[PDB]
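Have a look at the structure below before the remarks.
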Amino acid sequence: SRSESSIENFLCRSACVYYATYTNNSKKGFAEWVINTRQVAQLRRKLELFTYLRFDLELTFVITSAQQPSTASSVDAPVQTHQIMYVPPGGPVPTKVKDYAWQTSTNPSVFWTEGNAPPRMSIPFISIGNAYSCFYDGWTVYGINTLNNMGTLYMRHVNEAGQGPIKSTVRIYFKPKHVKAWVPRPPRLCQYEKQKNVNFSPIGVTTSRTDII
Amino acid sequence: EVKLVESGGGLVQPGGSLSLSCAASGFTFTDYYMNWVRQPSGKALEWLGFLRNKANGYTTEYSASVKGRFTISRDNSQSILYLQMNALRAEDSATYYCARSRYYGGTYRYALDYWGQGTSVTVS
Amino acid sequence: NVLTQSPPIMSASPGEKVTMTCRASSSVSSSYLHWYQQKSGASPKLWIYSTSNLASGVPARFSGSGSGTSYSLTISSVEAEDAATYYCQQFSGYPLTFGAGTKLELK
Amino acid sequence: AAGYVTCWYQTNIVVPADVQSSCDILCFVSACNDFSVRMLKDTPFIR
Amino acid sequence: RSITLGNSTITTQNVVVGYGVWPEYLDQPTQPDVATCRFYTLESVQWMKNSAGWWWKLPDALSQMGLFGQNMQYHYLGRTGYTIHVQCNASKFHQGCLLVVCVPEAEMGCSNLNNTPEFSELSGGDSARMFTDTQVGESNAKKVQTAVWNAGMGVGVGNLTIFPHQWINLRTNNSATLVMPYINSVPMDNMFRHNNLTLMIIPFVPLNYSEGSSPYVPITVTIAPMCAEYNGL
């Protein structure tokens, strides 16, 4: 049984990477996630076994809702619709709920009404270099590598608030597709401190025993 | 035998400078870590810093309380260990020791095996 | 990472067994905890290194123990010439913190 | 300036126990077979 | 025996080549091939008893090195393979063991957990930086954490054999030789802001000798660039 240990069977697995909430009437509710592989520590340790990676991307959004406590008198609501905008690397970025950058023609977005199948979208290998790089020994600030930038995602309601507040959560699922990998690398022994970097504090090599014999 | 004497303490106006000196004889000087520990009048001990051996490049490791003020060094001619104390305050009045470390297996446990006799520094 | 020694003042007649403890705030490894001895008007001396190993020239009446965050030191038979102050040192990160001090006076 | 044939220590002389460390080098010179002389005169090595 | 490149000559008597592949050549990049292709012998480090290790960042140790350093300030881009000869020369009365490993894209870790190290601390130009066998404290701001059992990258140092490497056991072996191809994501990169290889030498079994023998052993590193070319006109 050696087909379970292939690179595609090791890495093409789905994983919840982000979890944010946003409410429609509060004027500071809209979600935002800069796409990075260093979010969840279990997937990060698997992608950091290799130096250079190259994969397609497939995202699925599980959007739910909840009725917030309003005042009174018969809150009735139609079905809600959300917008999931994807900003490519080097695109205009929203900063409010009523902004121009939601309406730009180069940021592709999906519109999805509640009660249907979840909104999948797919993103190709979007970079200028010939591979994404997990590690980068250099400056552009040390060890950043502005070439493996994958973009950002933004979420909001599109319906105006009718009678009562409604807040919604989103879970983003992440699945590398058609993976190629190069230059293997030893797996990490120390724990993870910060998302941006490789900084750490030293630990022993292995758990110990009393006597060698 | 191991003999660590030191000298240089005395009186100083608060806000000045002072330089201690630790003279080492009885061992090869460039092979051990050399520490600086102070103790006030009847209180607990306090570790100030060390200085690694020749094989680790003579780098220094100060404490967080005295970092930026004090300076540990060595003389390249003879076996004399220095301590440049700058910006003295009212609570630096203590007895300053001079210690040594060694490897016990091949590992470096952080113990201090031999201690100097202690010079006294007080401010006015 | 601070160390608390208890009891601060300890009195015991010669010939009996007495012990002292040194409880750390966090976890300190078993190899990085040492014991020293400072008499009145003298420099300290390394007594026990890495929580179980006697130093050079020290008599066999002592034996350290303990693990995790609780360490101790036992004297099997107390003599008259070993009345001093005993400190415990650790290293979890920098700096190297010492104990408060445990004073042993004979009775 | 017409040339120099200097020589330098790259690393030290590593030697085992019970072997002397002061060593010597001899230098030989020759003709590299392909050259010519003109206008014979007498040598300056005489009184 | 007695190989030569340009105006230099070193002598040799077992080679390990890269990831199996051999280095070769590719606006328009021009090919300078005879003017700087030679052996650049860096100065020797001394292997003492309680030594811990050394490292060199590879397209930076040849930055103050002669006409190779002149070709870097004149050119914005470049791609280069290498050939590394490491030999230490001890007697039959010394004993030890070294691991000579060549790491691509070795991010180092700072001692402070928020910051990042500086360029003067990451790499001495044509000069070896040292690992330590103690911890570098958290109090100083921008310094590389060099606890050698973690190899400065937060990893098990015994598992460093997955990179192309070679062992030097003084009982049986004398030297090492590596041939490293050009490994990068882009085909031609900024040579001033990127150190894409790192050569590490770590003593696993420490040096030992009896009383009387020479108390330290020199190690000599020699780098020779293969298939160097730059971009410009």
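Chains as they are written, first to last, in the deposited numbering: chain A, 58 to 197, 204 to 276; chain H, 1 to 124; chain L, 2 to 108; chain C, 186 to 232; chain B, 14 to 26, 30 to 42, 51 to 257.
Even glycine gets a Cβ: it sits at the ideal position worked out from N, Cα and C.
Within 7 Å, strictly: CB atoms of residue i and residue j
{"i": "B:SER68", "j": "C:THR196", "result": "yes"}
{"i": "A:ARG248", "j": "A:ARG102", "result": "no"}
{"i": "B:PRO128", "j": "B:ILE207", "result": "yes"}
{"i": "L:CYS23", "j": "L:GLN6", "result": "yes"}
{"i": "H:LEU51", "j": "H:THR60", "result": "yes"}
{"i": "L:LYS108", "j": "L:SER14", "result": "yes"}
{"i": "H:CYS22", "j": "H:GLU1", "result": "no"}
{"i": "C:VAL199", "j": "B:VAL241", "result": "yes"}
{"i": "A:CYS191", "j": "B:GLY178", "result": "no"}
{"i": "B:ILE247", "j": "B:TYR35", "result": "no"}
{"i": "B:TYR254", "j": "B:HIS118", "result": "no"}
{"i": "B:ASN139", "j": "B:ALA165", "result": "yes"}
{"i": "residue 202 of chain A", "j": "A:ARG177", "result": "The gap in chain A between 197 and 204 takes in residue 202 of chain A, so it carries no coordinates here."}
{"i": "L:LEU74", "j": "L:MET11", "result": "no"}
{"i": "H:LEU88", "j": "H:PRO14", "result": "yes"}
{"i": "B:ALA252", "j": "B:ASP150", "result": "no"}
{"i": "residue 53 of chain A", "j": "A:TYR79", "result": "Residue 53 of chain A is absent from the structure shown; chain A starts at 58 and stops at 276."}
{"i": "A:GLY195", "j": "B:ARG62", "result": "no"}
{"i": "H:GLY118", "j": "L:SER28", "result": "no"}
{"i": "A:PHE168", "j": "A:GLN140", "result": "yes"}
{"i": "A:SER231", "j": "A:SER122", "result": "yes"}
{"i": "A:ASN81", "j": "A:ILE229", "result": "yes"}
{"i": "A:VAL242", "j": "A:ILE92", "result": "no"}
{"i": "A:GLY227", "j": "A:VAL132", "result": "yes"}
{"i": "L:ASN2", "j": "L:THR98", "result": "yes"}
{"i": "L:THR70", "j": "L:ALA25", "result": "yes"}
Contacts of residue i in chain L (Cβ-Cβ under 8 Å)
{"i": "H:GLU1", "result": "Near H:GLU1 there are no residues of chain L at all, since even the closest Cβ is about 12 Å away, more than 8 Å."}
{"i": "H:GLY118", "result": "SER44"}
Chain A residues whose Cβ lies nearer than 8 Å to that of residue i
{"i": "B:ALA171", "result": "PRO265"}
{"i": "B:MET204", "result": "What B:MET204 touches in chain A: nothing, since even the nearest Cβ is about 12 Å away."}
{"i": "B:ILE186", "result": "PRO247, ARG248 and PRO249"}
Proximal residues of chain H, C-beta to C-beta of residue i below 9 Å
{"i": "L:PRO45", "result": "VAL37, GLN39, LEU45, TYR97, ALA99, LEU112 and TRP115"}
{"i": "L:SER77", "result": "Within 9 Å Cβ-Cβ: nothing; L:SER77 doesn't reach chain H, min ~23 Å."}
Amino acids of chain H, ordered along the chain, whose beta-carbon sits closer than 7 Å to that of residue i
{"i": "B:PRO230", "result": "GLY106"}
Interface partners of residue i on chain C, CB under 8 Å
{"i": "B:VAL241", "result": "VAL199"}
Residue i: contacting residues in chain C (beta-carbon distance under 7 Å)
{"i": "B:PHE117", "result": "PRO201 and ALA202"}
{"i": "B:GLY19", "result": "Per Cβ cutoff of 7 Å: no residues; B:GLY19 is ~18 Å from chain C at best."}
{"i": "residue 8 of chain B", "result": "What the structure shows of chain B is the stretch from 14 to 257, and residue 8 of chain B is not part of that stretch, so it cannot be assessed."}
Neighbour list for residue i in chain B, Cβ cutoff strictly below 9 Å
{"i": "C:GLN195", "result": "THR65, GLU67, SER68, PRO242 and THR244"}
Partner residues on chain C for residue i, Cβ-Cβ distance less than 9 Å
{"i": "B:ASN113", "result": "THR196 and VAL199"}
Residue i: contacting residues in chain H (beta-carbon distance under 8 Å)
{"i": "L:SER51", "result": "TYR104, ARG109 and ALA111"}
{"i": "L:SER32", "result": "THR107 and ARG109"}
{"i": "L:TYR88", "result": "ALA44 and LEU45"}
Chain-ordered chain B contacts of residue i [CB-CB under 8 Å]
{"i": "A:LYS257", "result": "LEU137 and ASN138"}
Under 7 Å from the C-beta of residue i: neighbouring residues of chain B
{"i": "A:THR270", "result": "Within 7 Å Cβ-Cβ: nothing; A:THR270 doesn't reach chain B, min ~13 Å."}
Exercise for review: Quick one: which residues of the segment 149-168 of chain B get their C-beta closer than 7 Å to a C-beta of chain H? List them in chain order.
Suggested key: Hits within the stretch, in order: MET154, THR156, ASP157, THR158, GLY161 and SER163.
Q. What are the start and end residues of each continuous beta strand (DSSP E) run of 3 or more residues lying completely inside the segment 194-233 of chain B, in chain order?
A. Taken in chain order, the complete beta strand (DSSP E) segments of 3 residues or longer contained in the segment 194-233 of chain B are 199-204 and 221-232.
Query - Cβ contact check for the segment 96-107 of chain H and the segment 64-78 of chain H: 3 or more pairs under 8 Å - result: Result no; under three Cβ-Cβ pairs closer than 8 Å.
Listed from N- to C-terminal order along the chain, which residues in the segment 65-91 of chain B have their beta-carbon within a distance smaller than 8 Å of any beta-carbon of chain H?
The residues in question are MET72, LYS73, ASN74, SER75 and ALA76.
Could you name the residues of the segment 90-103 of chain L whose beta carbon sits closer than 9 Å to any beta carbon of chain H, in the order they occur along the chain? Residues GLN90, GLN91, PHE92, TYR95, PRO96, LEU97, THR98, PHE99, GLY100, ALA101 and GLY102.
**Prompt:** Counting pairs of Cβ atoms below 8 Å between the segment 189-206 of chain B and the segment 101-110 of chain B, do you hit three or more?
**Reply:** Yes: at least three Cβ pairs fall under 8 Å.
- Query: Taking one C-beta from the segment 186-194 of chain C and one from the segment 52-69 of chain L each time, how about it: are there three or more such pairs within less than 8 Å?
  - Reply: Three or more beta-carbon pairs separated by less than 8 Å are not found between the segment 186-194 of chain C and the segment 52-69 of chain L, which leaves the two stretches without contact.
If we count Cβ pairs, one from each stretch, closer than 8 Å, do we get three or more for the segment 87-97 of chain B versus the segment 220-236 of chain B? Short answer: they don't touch.
Legend entry - alpha helix (DSSP H) runs contained entirely in the segment 65-125 of chain A, provided each spans 4 or more residues: Within the segment 65-125 of chain A, the runs of alpha helix (DSSP H) that reach at least 4 residues and sit entirely inside it are, in chain order, 98-104.
Please determine if the segment 137-148 of chain A and the segment 213-228 of chain A are in contact, where contact requires at least 3 C-beta pairs separated by less than 8 Å.
The segment 137-148 of chain A is in contact with the segment 213-228 of chain A.
Q: Mind listing, in chain order, the continuous beta strand (DSSP E) runs of no fewer than 3 residues lying wholly within the segment 75-105 of chain L?
A: Those beta strand (DSSP E) runs which fall completely within the segment 75-105 of chain L and span 3+ residues are 86-90.
Margin query: Please give me, in chain order, every unbroken run of the beta strand (DSSP E) with length at least 3 that falls completely inside the segment 87-133 of chain B.
Written below: With a minimum length of 3 residues, the continuous beta strand (DSSP E) runs that stay inside the segment 87-133 of chain B are 101-112 and 119-128.
request  = Could you tell me whether the segment 254-270 of chain A touches the segment 15-23 of chain B, where touching means 3 or more Cβ pairs closer than 8 Å?
outcome  = No, they do not touch.
Segment contact, 8 Å Cβ cut-off, at least three pairs: the segment 199-206 of chain B with the segment 152-165 of chain B
The segment 199-206 of chain B is not in contact with the segment 152-165 of chain B.
- prompt: Which runs of the beta strand (DSSP E) spanning at least 3 residues fall entirely within the segment 139-189 of chain A, listed in chain order?
  reply: Correct list: 166-170 and 178-180.
Give, in chain order, every residue of the segment 50-83 of chain H whose Cβ lies closer than 7 Å to some Cβ of chain L. Answer set for the segment 50-83 of chain H: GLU61, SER63 and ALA64.
In chain order, which continuous runs of the beta strand (DSSP E) of length 3 or greater are located wholly inside the segment 44-76 of chain L? Taken in chain order, the complete beta strand (DSSP E) segments of 3 or more residues contained in the segment 44-76 of chain L are 46-50, 63-68 and 71-76.
- Can you list the beta strand (DSSP E) stretches of 3 or more residues lying completely in the segment 52-92 of chain B, in chain order? Listed in chain order, the complete beta strand (DSSP E) runs (minimum 3 residues) inside the segment 52-92 of chain B are 69-71 and 78-81.
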